[PDB]
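The data block below is work-v9.tsv; it holds TSV, C-alpha atoms and all ligand atoms.
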```
chain	number	residue	atom	x	y	z
A	1	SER	CA	-20.72	-9.81	5.05
A	2	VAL	CA	-17.26	-9.08	3.65
A	3	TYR	CA	-16.15	-12.53	4.73
A	4	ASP	CA	-19.00	-14.11	2.75
A	5	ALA	CA	-18.09	-12.00	-0.28
A	6	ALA	CA	-14.44	-13.06	-0.06
A	7	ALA	CA	-15.13	-16.69	0.77
A	8	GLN	CA	-17.14	-16.88	-2.46
A	9	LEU	CA	-14.23	-16.12	-4.84
A	10	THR	CA	-13.79	-19.47	-6.61
A	11	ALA	CA	-10.65	-21.18	-7.91
A	12	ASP	CA	-11.48	-20.17	-11.48
A	13	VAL	CA	-12.01	-16.54	-10.46
A	14	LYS	CA	-8.79	-16.42	-8.43
A	15	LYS	CA	-7.00	-17.99	-11.40
A	16	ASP	CA	-8.32	-15.31	-13.76
A	17	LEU	CA	-7.48	-12.59	-11.25
A	18	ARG	CA	-3.91	-13.82	-10.84
A	19	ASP	CA	-3.33	-14.41	-14.56
A	20	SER	CA	-4.53	-10.94	-15.50
A	21	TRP	CA	-2.64	-9.28	-12.63
A	22	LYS	CA	0.61	-10.85	-13.83
A	23	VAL	CA	0.31	-8.49	-16.78
A	24	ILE	CA	-1.46	-5.32	-15.64
A	25	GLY	CA	0.38	-5.51	-12.34
A	26	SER	CA	3.78	-5.69	-14.07
A	27	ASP	CA	3.73	-1.98	-14.91
A	28	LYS	CA	2.18	-0.32	-11.88
A	29	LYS	CA	3.14	3.23	-12.86
A	30	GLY	CA	1.83	3.00	-16.41
A	31	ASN	CA	-1.32	0.98	-15.76
A	32	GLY	CA	-2.02	2.73	-12.47
A	33	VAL	CA	-2.05	6.17	-14.09
A	34	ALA	CA	-4.09	4.86	-17.01
A	35	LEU	CA	-6.62	3.29	-14.63
A	36	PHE	CA	-6.95	6.43	-12.54
A	37	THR	CA	-6.97	8.90	-15.44
A	38	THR	CA	-9.68	6.83	-17.13
A	39	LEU	CA	-11.85	7.26	-14.04
A	40	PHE	CA	-11.79	11.07	-14.61
A	41	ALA	CA	-12.49	11.07	-18.30
A	42	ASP	CA	-15.49	8.76	-17.97
A	43	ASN	CA	-16.75	9.96	-14.58
A	44	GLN	CA	-16.04	13.68	-14.39
A	45	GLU	CA	-18.23	14.03	-11.29
A	46	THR	CA	-15.48	12.38	-9.21
A	47	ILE	CA	-12.76	14.91	-10.03
A	48	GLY	CA	-13.76	17.01	-7.03
A	49	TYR	CA	-12.93	14.13	-4.68
A	50	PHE	CA	-9.25	14.33	-5.61
A	51	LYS	CA	-8.51	17.99	-4.94
A	52	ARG	CA	-5.48	17.07	-2.80
A	53	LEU	CA	-3.82	15.78	-5.98
A	54	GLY	CA	-3.96	19.19	-7.65
A	55	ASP	CA	-4.53	19.39	-11.41
A	56	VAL	CA	-5.22	15.77	-12.32
A	57	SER	CA	-5.37	16.76	-15.99
A	58	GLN	CA	-1.56	16.87	-15.86
A	59	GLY	CA	-1.51	13.08	-15.94
A	60	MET	CA	1.88	11.39	-15.48
A	61	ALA	CA	3.59	14.76	-15.00
A	62	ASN	CA	1.61	15.38	-11.79
A	63	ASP	CA	3.85	13.87	-9.10
A	64	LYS	CA	1.00	13.67	-6.57
A	65	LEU	CA	-1.19	11.85	-9.08
A	66	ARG	CA	1.67	9.54	-10.00
A	67	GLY	CA	2.39	8.70	-6.36
A	68	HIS	CA	-1.29	8.09	-5.69
A	69	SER	CA	-1.66	5.87	-8.76
A	70	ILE	CA	1.39	3.74	-8.00
A	71	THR	CA	0.24	3.30	-4.40
A	72	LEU	CA	-3.25	2.29	-5.55
A	73	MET	CA	-1.72	-0.57	-7.53
A	74	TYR	CA	-0.03	-1.87	-4.38
A	75	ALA	CA	-3.42	-1.96	-2.68
A	76	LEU	CA	-4.49	-4.28	-5.48
A	77	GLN	CA	-1.23	-6.22	-5.11
A	78	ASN	CA	-2.11	-6.66	-1.44
A	79	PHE	CA	-5.58	-8.00	-2.34
A	80	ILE	CA	-4.21	-10.40	-4.95
A	81	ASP	CA	-1.64	-11.81	-2.51
A	82	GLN	CA	-4.26	-12.50	0.17
A	83	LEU	CA	-6.70	-14.41	-2.08
A	84	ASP	CA	-6.04	-17.85	-0.60
A	85	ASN	CA	-6.67	-16.65	2.95
A	86	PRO	CA	-10.09	-14.94	3.37
A	87	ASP	CA	-9.27	-13.90	6.92
A	88	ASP	CA	-6.26	-11.90	5.73
A	89	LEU	CA	-8.11	-10.58	2.67
A	90	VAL	CA	-10.93	-9.40	4.90
A	91	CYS	CA	-8.74	-7.50	7.35
A	92	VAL	CA	-6.88	-5.66	4.56
A	93	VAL	CA	-10.12	-4.91	2.71
A	94	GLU	CA	-11.62	-3.37	5.86
A	95	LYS	CA	-8.43	-1.36	6.37
A	96	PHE	CA	-8.75	0.15	2.92
A	97	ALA	CA	-12.47	0.51	3.34
A	98	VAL	CA	-12.00	2.94	6.23
A	99	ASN	CA	-9.88	5.17	3.97
A	100	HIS	CA	-12.87	5.56	1.66
A	101	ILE	CA	-15.62	5.59	4.28
A	102	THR	CA	-13.89	8.66	5.73
A	103	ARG	CA	-14.03	10.33	2.30
A	104	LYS	CA	-17.75	9.60	2.11
A	105	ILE	CA	-17.37	7.15	-0.78
A	106	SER	CA	-20.41	4.87	-1.01
A	107	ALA	CA	-20.42	1.27	-2.23
A	108	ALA	CA	-22.18	2.42	-5.40
A	109	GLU	CA	-19.57	5.12	-6.05
A	110	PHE	CA	-16.73	2.70	-5.39
A	111	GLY	CA	-18.16	0.51	-8.15
A	112	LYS	CA	-17.42	3.27	-10.68
A	113	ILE	CA	-13.91	1.80	-10.86
A	114	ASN	CA	-15.26	-1.21	-12.77
A	115	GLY	CA	-15.46	0.70	-16.05
A	116	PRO	CA	-11.79	1.80	-15.89
A	117	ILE	CA	-10.60	-1.68	-14.90
A	118	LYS	CA	-12.49	-3.24	-17.81
A	119	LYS	CA	-10.89	-0.78	-20.22
A	120	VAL	CA	-7.36	-1.27	-18.92
A	121	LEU	CA	-7.85	-5.04	-19.08
A	122	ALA	CA	-9.06	-4.72	-22.68
A	123	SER	CA	-5.96	-2.74	-23.65
A	124	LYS	CA	-4.03	-5.90	-22.72
A	125	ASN	CA	-6.55	-8.16	-24.50
A	126	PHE	CA	-8.22	-9.53	-21.37
A	127	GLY	CA	-11.91	-9.89	-22.16
A	128	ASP	CA	-15.24	-9.80	-20.35
A	129	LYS	CA	-14.53	-12.98	-18.36
A	130	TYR	CA	-11.62	-11.17	-16.71
A	131	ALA	CA	-13.61	-7.97	-16.23
A	132	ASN	CA	-16.24	-10.05	-14.44
A	133	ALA	CA	-13.60	-11.61	-12.20
A	134	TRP	CA	-12.36	-8.18	-11.15
A	135	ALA	CA	-15.90	-6.94	-10.52
A	136	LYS	CA	-16.20	-9.81	-8.04
A	137	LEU	CA	-13.07	-8.64	-6.21
A	138	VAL	CA	-14.35	-5.05	-6.17
A	139	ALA	CA	-17.62	-6.43	-4.80
A	140	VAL	CA	-15.70	-7.68	-1.76
A	141	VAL	CA	-14.70	-4.10	-1.00
A	142	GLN	CA	-18.26	-2.92	-1.67
A	143	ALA	CA	-19.55	-5.35	0.97
A	144	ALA	CA	-17.45	-3.33	3.42
A	145	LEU	CA	-18.87	0.07	2.39
B	1	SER	CA	15.55	17.75	1.25
B	2	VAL	CA	13.91	14.48	0.24
B	3	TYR	CA	15.89	14.70	-3.00
B	4	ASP	CA	19.23	14.97	-1.19
B	5	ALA	CA	18.20	12.05	1.02
B	6	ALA	CA	17.20	9.93	-1.98
B	7	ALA	CA	20.68	10.64	-3.35
B	8	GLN	CA	22.12	8.89	-0.27
B	9	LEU	CA	20.84	5.57	-1.64
B	10	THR	CA	23.98	4.37	-3.41
B	11	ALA	CA	24.50	1.11	-5.29
B	12	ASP	CA	25.74	-0.67	-2.17
B	13	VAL	CA	22.84	0.59	-0.05
B	14	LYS	CA	20.25	-0.44	-2.63
B	15	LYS	CA	21.82	-3.91	-2.88
B	16	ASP	CA	21.61	-4.49	0.87
B	17	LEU	CA	18.03	-3.24	1.00
B	18	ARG	CA	17.10	-5.68	-1.79
B	19	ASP	CA	18.98	-8.67	-0.40
B	20	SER	CA	17.45	-8.19	3.04
B	21	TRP	CA	13.98	-7.43	1.68
B	22	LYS	CA	13.92	-10.75	-0.15
B	23	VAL	CA	14.00	-12.39	3.28
B	24	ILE	CA	11.91	-10.09	5.49
B	25	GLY	CA	9.40	-9.32	2.74
B	26	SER	CA	8.68	-13.02	2.19
B	27	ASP	CA	6.42	-13.08	5.27
B	28	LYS	CA	4.65	-9.72	5.39
B	29	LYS	CA	2.05	-10.76	7.94
B	30	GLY	CA	4.50	-12.35	10.37
B	31	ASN	CA	7.28	-9.78	10.08
B	32	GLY	CA	4.87	-6.87	9.80
B	33	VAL	CA	3.16	-7.69	13.10
B	34	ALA	CA	6.60	-8.29	14.63
B	35	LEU	CA	7.58	-4.72	13.76
B	36	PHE	CA	4.64	-3.24	15.66
B	37	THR	CA	4.63	-5.52	18.67
B	38	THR	CA	8.23	-4.38	19.00
B	39	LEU	CA	7.51	-0.68	18.42
B	40	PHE	CA	4.80	-0.61	21.10
B	41	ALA	CA	6.91	-2.72	23.45
B	42	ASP	CA	10.03	-0.55	23.22
B	43	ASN	CA	8.28	2.81	22.77
B	44	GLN	CA	5.04	2.68	24.75
B	45	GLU	CA	4.56	6.42	24.31
B	46	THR	CA	3.63	5.83	20.66
B	47	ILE	CA	0.61	3.66	21.48
B	48	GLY	CA	-1.68	6.68	21.74
B	49	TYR	CA	-1.31	7.45	18.03
B	50	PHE	CA	-2.90	4.09	17.25
B	51	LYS	CA	-6.28	4.43	18.97
B	52	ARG	CA	-8.15	3.24	15.87
B	53	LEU	CA	-6.52	-0.20	16.05
B	54	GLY	CA	-7.93	-0.86	19.51
B	55	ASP	CA	-6.00	-3.07	21.93
B	56	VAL	CA	-2.65	-3.54	20.19
B	57	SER	CA	-1.28	-5.75	22.98
B	58	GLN	CA	-3.40	-8.48	21.37
B	59	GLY	CA	-0.94	-8.62	18.49
B	60	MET	CA	-1.76	-11.07	15.70
B	61	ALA	CA	-5.21	-11.74	17.18
B	62	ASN	CA	-6.24	-8.11	16.57
B	63	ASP	CA	-7.69	-7.95	13.03
B	64	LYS	CA	-7.17	-4.21	12.72
B	65	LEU	CA	-3.53	-4.46	13.75
B	66	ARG	CA	-2.94	-7.35	11.34
B	67	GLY	CA	-4.56	-5.49	8.44
B	68	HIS	CA	-2.53	-2.41	9.34
B	69	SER	CA	0.72	-4.39	9.59
B	70	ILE	CA	0.31	-6.20	6.29
B	71	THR	CA	-0.50	-2.92	4.54
B	72	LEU	CA	2.60	-1.30	6.00
B	73	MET	CA	4.78	-4.04	4.51
B	74	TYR	CA	3.33	-3.19	1.10
B	75	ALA	CA	4.44	0.42	1.53
B	76	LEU	CA	7.98	-0.87	2.07
B	77	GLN	CA	7.58	-3.13	-0.96
B	78	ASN	CA	6.57	0.00	-2.92
B	79	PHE	CA	9.74	1.83	-1.83
B	80	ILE	CA	11.99	-1.11	-2.75
B	81	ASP	CA	10.40	-1.35	-6.20
B	82	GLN	CA	11.00	2.37	-6.82
B	83	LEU	CA	14.72	2.33	-6.02
B	84	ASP	CA	15.62	2.28	-9.72
B	85	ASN	CA	13.89	5.62	-10.25
B	86	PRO	CA	14.48	8.42	-7.69
B	87	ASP	CA	11.69	10.55	-9.15
B	88	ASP	CA	9.15	7.80	-8.53
B	89	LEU	CA	10.56	6.93	-5.11
B	90	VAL	CA	10.17	10.56	-4.09
B	91	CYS	CA	6.53	10.84	-5.16
B	92	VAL	CA	5.49	7.69	-3.28
B	93	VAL	CA	7.44	8.78	-0.19
B	94	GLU	CA	5.70	12.15	-0.18
B	95	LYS	CA	2.34	10.38	-0.54
B	96	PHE	CA	2.92	8.33	2.63
B	97	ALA	CA	4.48	11.32	4.38
B	98	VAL	CA	1.14	13.14	4.11
B	99	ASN	CA	-0.56	10.19	5.82
B	100	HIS	CA	1.70	10.84	8.81
B	101	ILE	CA	1.79	14.63	8.67
B	102	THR	CA	-2.00	14.48	9.10
B	103	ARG	CA	-1.54	12.33	12.21
B	104	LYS	CA	0.95	14.88	13.55
B	105	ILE	CA	3.88	12.47	13.29
B	106	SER	CA	7.27	14.22	13.33
B	107	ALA	CA	10.52	13.10	11.73
B	108	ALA	CA	11.93	12.31	15.17
B	109	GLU	CA	9.04	10.04	16.12
B	110	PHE	CA	8.92	8.42	12.70
B	111	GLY	CA	12.55	7.52	13.33
B	112	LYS	CA	11.55	5.37	16.30
B	113	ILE	CA	10.82	2.63	13.77
B	114	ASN	CA	14.58	2.11	13.30
B	115	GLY	CA	14.81	0.18	16.55
B	116	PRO	CA	12.15	-2.39	15.57
B	117	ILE	CA	13.61	-2.76	12.06
B	118	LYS	CA	17.06	-3.49	13.49
B	119	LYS	CA	15.59	-6.08	15.87
B	120	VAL	CA	13.52	-7.78	13.16
B	121	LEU	CA	16.53	-7.85	10.85
B	122	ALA	CA	18.75	-9.18	13.65
B	123	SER	CA	16.28	-12.00	14.29
B	124	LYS	CA	16.84	-13.08	10.67
B	125	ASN	CA	20.63	-12.87	10.98
B	126	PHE	CA	21.03	-9.50	9.24
B	127	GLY	CA	23.34	-7.26	11.26
B	128	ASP	CA	24.05	-3.55	11.66
B	129	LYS	CA	25.17	-3.24	8.03
B	130	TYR	CA	21.59	-3.95	6.95
B	131	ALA	CA	19.99	-1.98	9.78
B	132	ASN	CA	21.97	1.04	8.63
B	133	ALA	CA	20.90	0.57	5.01
B	134	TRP	CA	17.29	0.63	6.15
B	135	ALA	CA	17.93	3.66	8.34
B	136	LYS	CA	18.87	5.50	5.15
B	137	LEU	CA	15.59	4.57	3.49
B	138	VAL	CA	13.66	5.72	6.56
B	139	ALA	CA	15.71	8.93	6.37
B	140	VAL	CA	14.14	9.66	2.99
B	141	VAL	CA	10.67	9.65	4.55
B	142	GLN	CA	11.88	11.71	7.51
B	143	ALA	CA	13.07	14.39	5.09
B	144	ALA	CA	9.48	14.74	3.90
B	145	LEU	CA	7.93	15.16	7.35
A	201	LIG	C1	-9.64	-0.45	-7.31
A	201	LIG	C2	-10.32	0.40	-6.38
A	201	LIG	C3	-9.70	1.33	-5.52
A	201	LIG	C4	-8.60	1.13	-4.75
A	201	LIG	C5	-7.85	-0.18	-4.52
A	201	LIG	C6	-8.36	2.41	-4.03
A	201	LIG	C7	-7.22	2.67	-3.24
A	201	LIG	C8	-6.94	3.85	-2.60
A	201	LIG	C9	-5.78	4.08	-1.74
A	201	LIG	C10	-4.65	3.10	-1.43
A	201	LIG	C11	-5.89	5.36	-1.30
A	201	LIG	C12	-4.96	6.09	-0.35
A	201	LIG	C13	-5.58	6.07	1.04
A	201	LIG	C14	-4.94	7.07	1.97
A	201	LIG	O1	-3.69	7.11	2.02
A	201	LIG	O2	-5.68	7.82	2.65
A	201	LIG	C15	-7.10	5.93	-1.87
A	201	LIG	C16	-7.59	7.22	-1.62
A	201	LIG	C17	-8.78	7.76	-2.11
A	201	LIG	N1	-9.69	7.08	-2.92
A	201	LIG	FE1	-9.51	5.19	-3.62
A	201	LIG	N2	-9.34	3.33	-4.31
A	201	LIG	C18	-10.16	2.69	-5.26
A	201	LIG	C19	-11.28	3.29	-5.86
A	201	LIG	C20	-11.76	4.57	-5.61
A	201	LIG	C21	-12.95	5.15	-6.24
A	201	LIG	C22	-13.85	4.45	-7.26
A	201	LIG	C23	-13.10	6.41	-5.72
A	201	LIG	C24	-13.98	7.43	-6.12
A	201	LIG	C25	-15.37	7.28	-6.45
A	201	LIG	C26	-12.05	6.56	-4.70
A	201	LIG	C27	-11.84	7.74	-3.95
A	201	LIG	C28	-10.72	7.98	-3.13
A	201	LIG	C29	-10.44	9.25	-2.46
A	201	LIG	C30	-11.30	10.51	-2.48
A	201	LIG	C31	-9.23	9.12	-1.86
A	201	LIG	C32	-8.43	10.23	-1.18
A	201	LIG	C33	-7.36	10.80	-2.10
A	201	LIG	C34	-6.44	11.78	-1.39
A	201	LIG	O3	-6.90	12.89	-1.03
A	201	LIG	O4	-5.26	11.44	-1.18
A	201	LIG	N3	-11.22	5.45	-4.69
A	201	LIG	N4	-7.75	4.98	-2.66
A	202	LIG	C1	8.72	2.11	8.14
A	202	LIG	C2	7.97	3.27	8.53
A	202	LIG	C3	6.60	3.44	8.36
A	202	LIG	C4	5.83	3.24	7.24
A	202	LIG	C5	6.32	2.80	5.86
A	202	LIG	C6	4.46	3.58	7.57
A	202	LIG	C7	3.36	3.31	6.73
A	202	LIG	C8	2.03	3.57	7.05
A	202	LIG	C9	0.89	3.28	6.20
A	202	LIG	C10	0.92	2.66	4.80
A	202	LIG	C11	-0.21	3.67	6.89
A	202	LIG	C12	-1.66	3.67	6.42
A	202	LIG	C13	-2.02	5.04	5.87
A	202	LIG	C14	-3.52	5.27	5.83
A	202	LIG	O1	-4.24	4.38	5.34
A	202	LIG	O2	-3.96	6.35	6.28
A	202	LIG	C15	0.23	4.21	8.16
A	202	LIG	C16	-0.62	4.73	9.14
A	202	LIG	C17	-0.18	5.31	10.33
A	202	LIG	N1	1.16	5.46	10.70
A	202	LIG	FE1	2.79	4.78	9.78
A	202	LIG	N2	4.40	4.07	8.86
A	202	LIG	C18	5.69	3.97	9.37
A	202	LIG	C19	6.08	4.35	10.68
A	202	LIG	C20	5.25	4.96	11.59
A	202	LIG	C21	5.66	5.39	12.93
A	202	LIG	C22	7.03	5.08	13.52
A	202	LIG	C23	4.58	6.01	13.50
A	202	LIG	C24	4.45	6.53	14.80
A	202	LIG	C25	5.52	7.01	15.65
A	202	LIG	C26	3.52	5.97	12.51
A	202	LIG	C27	2.23	6.45	12.72
A	202	LIG	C28	1.12	6.17	11.90
A	202	LIG	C29	-0.24	6.42	12.31
A	202	LIG	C30	-0.69	7.14	13.57
A	202	LIG	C31	-1.05	5.88	11.35
A	202	LIG	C32	-2.58	5.87	11.40
A	202	LIG	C33	-3.10	4.54	11.90
A	202	LIG	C34	-4.61	4.41	11.75
A	202	LIG	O3	-5.35	5.09	12.50
A	202	LIG	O4	-5.05	3.64	10.88
A	202	LIG	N3	3.94	5.27	11.38
A	202	LIG	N4	1.60	4.16	8.25
```
Represent the structure from my file as structure tokens, please.
Ligand code: HEM
Ligand code: HEM
Amino acid sequence: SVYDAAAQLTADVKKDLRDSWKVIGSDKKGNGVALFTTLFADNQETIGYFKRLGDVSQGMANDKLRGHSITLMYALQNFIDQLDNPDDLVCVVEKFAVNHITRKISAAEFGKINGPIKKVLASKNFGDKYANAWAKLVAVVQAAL
Amino acid sequence: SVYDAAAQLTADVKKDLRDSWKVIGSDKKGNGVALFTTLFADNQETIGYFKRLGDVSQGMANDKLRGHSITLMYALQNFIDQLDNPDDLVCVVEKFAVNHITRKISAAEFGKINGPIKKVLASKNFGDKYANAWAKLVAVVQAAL
């Protein structure tokens, strides 16, 4: 279950998540757009899912894309803040899960975000250990899809 | 015009929003649920819009309501963080506006949140001065509906 997936996040993982978020989370507009734009360049098949955002190739200049990207980073902020309380983490994860379930996004497709996260982390010198920690957090969401 | 409304956020208004947010934003779960239990208590006619959350009268015990409430507080956090840049505040406001336009929520009904905000602020010893500052922030979203 989602609860089991959340309850598994260890102290070392939470530590790595929080330490890395201190940095990548400090510039939500910049890192959010980079994270999201990287998803398109590496997984072109997903572009169609974001038609509401207009021409996503416009990057930062696209106000809809910018608003979406900044807001996505606050979803992650939400997750990071609820780490010490699985019950709260679970209810916010399920809330965001519905938003994707309605868009027909499968657990496998949601996992496509791992590549982008790993790359953004690397641009800030956070290695594989940190990428693995984030994959574990993403896995919590996947348990809900 | 969302741009004209954003212009209404002067130095003094932004300061009050920040000062008050430091207090109410420190407990997103508690204050977030307080907002909704108040909204549904004072304006029962709005309950229908929230069918997905189930029995809202359950308050904190309702996982869907709690997840919803926490998430809402992060939208306000988003707004507060974008006060320095009107162009970024506008794009995040329009993003959330769409979420309500799709649910057929009008500017007038969105404004019903002012009552709960004033009550929650009052409970923390923040008077009309602060309630009015927040009413101006809500006005920015109303301009986009
Ligand atoms: C770190 C992981 C992710 C987070 C935290 C996240 C967060 C969000 C948030 C907050 C929204 C706005 C929900 C709404 O207002 O309706 C959203 C929308 C959406 N997401 Fe994600 N998402 C993630 C990954 C993905 C991935 C991997 C895909 C694609 C395979 C995806 C597809 C979508 C779609 C199609 C929408 C609707 C966009 C629109 O039309 O506004 N998301 N996401
Ligand atoms: C401070 C003002 C408010 C903010 C910042 C706000 C924020 C949000 C956010 C972030 C969501 C989740 C979006 C999504 O995932 O689709 C949401 C959903 C919603 N909001 Fe608001 N909202 C506010 C006031 C209101 C008011 C006053 C009403 C009704 C009169 C309203 C009606 C809705 C409805 C119907 C939903 C969908 C709930 C669901 O089925 O999950 N909102 N709002």
Next item on the list: Determine the nearest neighbour of chain A from the options B:83, B:108, B:91, B:35, counting all atoms listed in the file.
Entry: B:91
Next item on the list: With a cut-off of 10 Å and counting all atoms listed in the file, select all residues of chain B in contact with chain A and give the selection as a list in words.
Entry: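 Residues satisfying the distance criterion: residues 29, 53, 62, 63, 64, 65, 66, 67, 68, 69, 70, 71, 73, 74, 75, 77, 78, 79, 82, 87, 88, 89, 90, 91, 92, 93, 94, 95 and 96 of chain B.
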For C-alpha atoms, I'd like the residues from the last selection saved as a PDB file, keeping the file's coordinate frame.
```pdb
ATOM      1  CA  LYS B  29       2.050 -10.760   7.940  1.00  0.00           C
ATOM      2  CA  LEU B  53      -6.520  -0.200  16.050  1.00  0.00           C
ATOM      3  CA  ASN B  62      -6.240  -8.110  16.570  1.00  0.00           C
ATOM      4  CA  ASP B  63      -7.690  -7.950  13.030  1.00  0.00           C
ATOM      5  CA  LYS B  64      -7.170  -4.210  12.720  1.00  0.00           C
ATOM      6  CA  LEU B  65      -3.530  -4.460  13.750  1.00  0.00           C
ATOM      7  CA  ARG B  66      -2.940  -7.350  11.340  1.00  0.00           C
ATOM      8  CA  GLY B  67      -4.560  -5.490   8.440  1.00  0.00           C
ATOM      9  CA  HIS B  68      -2.530  -2.410   9.340  1.00  0.00           C
ATOM     10  CA  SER B  69       0.720  -4.390   9.590  1.00  0.00           C
ATOM     11  CA  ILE B  70       0.310  -6.200   6.290  1.00  0.00           C
ATOM     12  CA  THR B  71      -0.500  -2.920   4.540  1.00  0.00           C
ATOM     13  CA  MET B  73       4.780  -4.040   4.510  1.00  0.00           C
ATOM     14  CA  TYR B  74       3.330  -3.190   1.100  1.00  0.00           C
ATOM     15  CA  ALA B  75       4.440   0.420   1.530  1.00  0.00           C
ATOM     16  CA  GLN B  77       7.580  -3.130  -0.960  1.00  0.00           C
ATOM     17  CA  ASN B  78       6.570   0.000  -2.920  1.00  0.00           C
ATOM     18  CA  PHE B  79       9.740   1.830  -1.830  1.00  0.00           C
ATOM     19  CA  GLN B  82      11.000   2.370  -6.820  1.00  0.00           C
ATOM     20  CA  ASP B  87      11.690  10.550  -9.150  1.00  0.00           C
ATOM     21  CA  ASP B  88       9.150   7.800  -8.530  1.00  0.00           C
ATOM     22  CA  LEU B  89      10.560   6.930  -5.110  1.00  0.00           C
ATOM     23  CA  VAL B  90      10.170  10.560  -4.090  1.00  0.00           C
ATOM     24  CA  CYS B  91       6.530  10.840  -5.160  1.00  0.00           C
ATOM     25  CA  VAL B  92       5.490   7.690  -3.280  1.00  0.00           C
ATOM     26  CA  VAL B  93       7.440   8.780  -0.190  1.00  0.00           C
ATOM     27  CA  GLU B  94       5.700  12.150  -0.180  1.00  0.00           C
ATOM     28  CA  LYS B  95       2.340  10.380  -0.540  1.00  0.00           C
ATOM     29  CA  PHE B  96       2.920   8.330   2.630  1.00  0.00           C
TER      30      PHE B  96
END
```
Check: Could you work out how far atom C14 of ligand LIG 201 (chain A) lies from CA of residue 121 (chain B), giving the answer in Å with one decimal?
Finding: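 Straight-line distance from CA of residue 121 (chain B) to atom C14 of ligand LIG 201 (chain A) works out to 27.6 Å.
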Check: How many Å separate CA of residue 17 (chain A) from CA of residue 32 (chain A)?
Finding: 16.3 Å
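Closest approach to ligand LIG 201 (chain A) among B:8, B:20, B:57, B:99: B:99, based on all atoms listed in the file.
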Note to self: One number please: atom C13 of ligand LIG 202 (chain A) to CA of residue 141 (chain B), in Å, one decimal.
What the structure shows: 13.6 Å
Margin query: Given all atoms listed in the file as the basis, pick out the residue of B:107, B:131, B:46, B:54 nearest to ligand LIG 202 (chain A).
Written below: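 Checking each of B:107, B:131, B:46, B:54 against ligand LIG 202 (chain A), counting all atoms listed in the file, the winner is B:46.
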Notebook entry, point to check: For ligand LIG 201 (chain A), which residue out of B:120, B:143, B:61, B:72 is the nearest one, using only C-alpha atoms and all ligand atoms?
Noted result: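 Closest to ligand LIG 201 (chain A) of all the choices is B:72.
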